[PDB]
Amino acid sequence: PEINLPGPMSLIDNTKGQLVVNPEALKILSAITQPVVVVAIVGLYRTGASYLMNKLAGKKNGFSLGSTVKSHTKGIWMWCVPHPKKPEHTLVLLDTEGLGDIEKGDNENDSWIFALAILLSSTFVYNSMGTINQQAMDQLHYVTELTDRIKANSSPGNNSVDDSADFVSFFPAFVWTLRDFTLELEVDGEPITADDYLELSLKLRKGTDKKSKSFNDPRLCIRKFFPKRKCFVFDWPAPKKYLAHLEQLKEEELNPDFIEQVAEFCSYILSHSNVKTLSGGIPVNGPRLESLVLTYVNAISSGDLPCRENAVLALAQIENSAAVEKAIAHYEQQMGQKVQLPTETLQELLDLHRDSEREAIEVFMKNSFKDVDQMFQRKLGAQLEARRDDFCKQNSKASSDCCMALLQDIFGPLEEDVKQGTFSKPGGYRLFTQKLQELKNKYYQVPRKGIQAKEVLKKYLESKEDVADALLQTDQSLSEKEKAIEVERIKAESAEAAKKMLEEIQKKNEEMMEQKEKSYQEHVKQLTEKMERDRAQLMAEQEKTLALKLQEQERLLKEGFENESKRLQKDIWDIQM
């Protein structure tokens, strides 16, 4: 038991005009089997987001050991720490490093940093200094650019729909850290909280002028895209004479305000942050987020837009194929552990195949999700049908060899007799047929002889129908009457033999069809129960989203912005389709 986790690390890195993944960053990611809590700390540079990280990572003095371990490190940076309050969980921190630096060109990669941070996170701490004013809001144009950078779903029957209307269901909670905040939180001579300050700064200017759609765009975006909103204030960490020397200070000398505000913020982020989940209540861990990062960033560098749906579908297909392999492996252990190499009846074997198919489809259903078109269940069905056919091939060969060997053992002597001549005397017909029958009645007796017994035997005697036909005519003790009677009885015999042969073959083909039908029954039974739960999840999630959409339309209405609550009305309809 170690699963040791490393120090801060490049995950994405902006170079030239290209986004770049760290293959070791992913290599660490692929090792956290535990459910993760991503907490992005996003902020313009020189506002000390990295401090917030450091203390959230459990560093004693966060002012020390800056995340800028090197220079020219523009991009998203990762920290992986065991979760201090959620046991068996690992907290995953993210930081935006160079956000604001003017390098070569239009530098869109900046807003890409922003978008990507949102997509990957399950709590999104945006960090700014000062007070929320016109300038703070202008720097948040990253949020007014999201309808152009994140598509939530592909667009078939979606032209009449607003894609951004769907952001609420998978975006992280939004938390605004305002640092170096020296504002008495007073309304009209009465006190207010930090959240109260946020809600006050998130109100709208009436009008429709350019000057006023501009004022409202960012803050409509914040109240419409994120599910929760918290604000935390921070007083400067020391008086001015210490501001260039925070590292050399001990906790006893920091403004007791900062210290406290920092304790409140850390306790909150630690207890109320949630495991990043995907549509359908899917807890996300390393191997998952790893492909999330891959899919999204690879979309960005190919000239396309990140899209929650393509990404989660790709994830689904990976996990689902894993389930196919898990299931066929369960199957094969259980086949190998309860089959008689030469099967007594064909029914015994199809019945075992059916039991182990039952359990393998359970293993599948327990490890799979979003299997659209049932494509993977059908892959599993084909794989088990091919394993069943192959076993049947081996079984027929097993029984055919068991009988074909015993055929020298019982019938061998008799061939010998036909060369030594035992049957060349008067009365030889009656000597051959009667022992022939004795031995035949002996071969039948052998138990567990398996299925292709009646076929193997009969083929051999078709070889030897003519040795007795030859003897019947060359005997000298029989009359012509008797030879005629016997030709008639051998016709009858063959007749009953062919009849019973056909009756076996129909019996076998009917068993085969029972089995096919009941395997298909077991597939639908399990699949419809699975879909009855998956729909239950989707119901719960879509109800929570509806409630949030109502609260915000009622807030827009009470503030007196009916037009906005009307747009949001169109959004509620389309949720109920």
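From 1 onward, residues are counted along the sequence shown.
- For the two regions 152-160 and 225-233, the entry's Cα B-factors average higher over 152-160.
- Just going by the entry, 449-457 versus 67-75 on mean CA temperature factor gives the higher value to 67-75.
- Note on the listed residues 442, 276, 387, 330: the highest Cα temperature factor in the record is that of 442.
- Remark: of 288, 379, 507, 464, 464 shows the highest value [criterion: C-alpha B-factor in the PDB entry].
- Per the PDB record, residue ranking by Cα B-factor puts residue 320 in the lowest third of the chain.
- When the modelled residues of the chain are ordered by their C-alpha B factor, residue 130 lands in the middle third.
- Per the PDB record, residue ranking by Cα B-factor puts residue 172 in the lowest third of the chain.
- Placement of the Cα temperature factor of residue 281 within the chain: middle third of the modelled residues, per the deposited record.
- Per-chain ranking of the deposited C-alpha B factor places residue 35 in the lowest third.
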